[PDB]
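A single chain, nothing else alongside it, follows as structure tokens in the form deposited in one PDB entry.
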């Protein structure tokens, strides 16, 4: 009911700054690396695919993971545990009702005891001080999507996909606010499907000129260009399905007009 959209939109924005992780942090983890994180996330995408979880639940979980990583050192040994806990919370916050813990435990090939997953959820909560309502790219796209003329669901799919894609690599994408990536995504996806571009609407709503978008664009386009060689694939295989119009099948376009 466009009576709130604005207020909200603006709140997202202000939030999205507070609830952000530490750019430079993979660097202080003495025992984990970007790569390992990519592992973990692809892995979540999947787990999400299996329990038919919404995409937001995923976005949330990573958020959690990053922030959480963002003040806790954690051994290669612990991290998937950290994942699960996040995955569990996230669902809890997000989904109409979650999977039961047990499932959560089982999807790690009984590697952690249901107790430790519990002792974890609680630690996470403790570290993110129950601050669970985090802004996601998804949240952003969704508002964004309101301003399509017309709408067109290839785009939508394409964007989400893009979106998810970036979940994967702290790498570059930690450097970028959820709302930007959003942008990047939407417009990458727009261009890609329609050859149209980031609508003045949205520049007006967001104050993001297309220019401002440009650095996060470059990265994202590359990611998309390589997507198919990426070391992790769960996300593609996911946007392969009809429910998404195999968007991910369909060809990146080779240059951006920039």
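Numbering follows the first chain given and starts at 1.
Form solved in complex with a partner chain: not shown, discussed below.
*Asks:* Counting only heavy atoms and a 4.5 Å cut-off, does its partner chain in the deposited bound form sit next to every one of 36, 39 and 107?
*Replies:* Yes, the whole trio is in contact, each within 4.5 Å by some heavy atom.
*Asks:* Does residue 79 reach its partner chain in the deposited bound form, with heavy atoms at most 4.5 Å apart?
*Replies:* It does: once its partner chain is placed as it appears in the deposited bound form, residue 79 has a heavy atom within 4.5 Å of it.
*Asks:* So, residue 111 and its partner chain: in the deposited bound form, are they within 4.5 Å at any heavy atom pair?
*Replies:* Looking in the deposited bound form, residue contacts with its partner chain include residue 111, since a heavy atom lies within 4.5 Å.
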